[PDB]
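One chain comes next, on its own, written out as structure tokens in the form deposited in one PDB entry.
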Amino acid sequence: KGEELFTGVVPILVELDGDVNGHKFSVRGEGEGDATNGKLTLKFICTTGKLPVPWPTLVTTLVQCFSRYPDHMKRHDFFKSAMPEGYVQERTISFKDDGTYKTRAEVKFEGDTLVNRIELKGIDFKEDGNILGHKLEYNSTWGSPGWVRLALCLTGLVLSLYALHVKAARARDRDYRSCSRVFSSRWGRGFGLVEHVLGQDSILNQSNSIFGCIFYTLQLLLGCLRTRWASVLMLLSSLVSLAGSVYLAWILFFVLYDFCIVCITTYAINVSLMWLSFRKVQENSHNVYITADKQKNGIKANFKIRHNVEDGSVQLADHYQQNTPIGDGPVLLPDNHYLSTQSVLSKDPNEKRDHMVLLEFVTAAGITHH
């Protein structure tokens, strides 16, 4: 088809004309695309001055024809099949609790250069928000855990240390001849299970409250990292804590019958942390979901993008996408499948103007080999 055009490397020119809440701006980027490896390298600069919106909010609008489709999925590459005539890609980007982007781009060959010409208009953005307020995170490693997580983990830790204290106190008061069955209960060490498995003398047979200190400290720390292993580790830890919490709840109700406010609160915190940890792993996977549009003879796509805010929360971005060819498309439109995209934003220590260096790796999946 048009795959012959994407062997080797292809130059890339991107021009965006944007208007967000009356703020008019233009962006220009140049780079190279290697569809053989699914690799994309581009440098963008704002030719009109300071950019009125954080750079990560434009990564998606600022050329999916360079995606690496495995050999067995070649016939599902509508993008490359649409060349060199090109296609028209429109997108509606709804920012949760904020405004909207509407984009119409023409992607086509102009000689040797792949050209993406974009018109973008955002409406109903609140100028105090994370977008027009520049409250997002450019590429970043250490960050804040958010007031929700900080509160949950600080609370859990305080209740842990408190549990230890109460144990200590009853210990003394006994020697002189609420929530009291729980605070002198052999369940409160090793979950009443370690002593039966590893033996009483083991060092793993610690007070539930100690595993609590380590658990909430770990959750708060991993809350500060942005890597993948931090999200997954957070998920597994939250899982262990959830199992132990459901068990100890089977011990509170159904065994001890002590409706302790401390312990119950613990349960609520562990459920919450489980939910958040669950969300994180979902959000990090930046995959794009692609279906075929017979009425328009093109394709549609739905997906959500997570943008890390500087205060610890996450701005969600819902993405509706359409692509209609300009000349003649694939003899068959692609079956359902998705595009995994890994982005890396960086800066140029020599660039005096508002800019963004973008590296990107896109691969195709969703269709196993027959």
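The first residue of the shown sequence is 1; numbering continues from there. Here the rigid core means the biggest group of C-alpha atoms that line up within 1.5 Å when the two forms are laid on top of each other.
Below, we turn to the form deposited in another entry, even though it does not appear here.
The Cα shift for residue 200 between this form and the one not shown, taken after rigid core superposition, is 2 angstroms or larger. Once the rigid core is used as the reference frame, the Cα position of residue 328 differs between this form and the one not shown by 2 Å or more.
Relative to this conformation, a decrease of 3 Å or more in the Cα-Cα distance between residue 331 and residue 322 is found in that other deposited form.
Figure legend: C-alpha atoms of residue 325 and residue 331, shown here, are separated by at least 3 angstroms less in that other deposited form.
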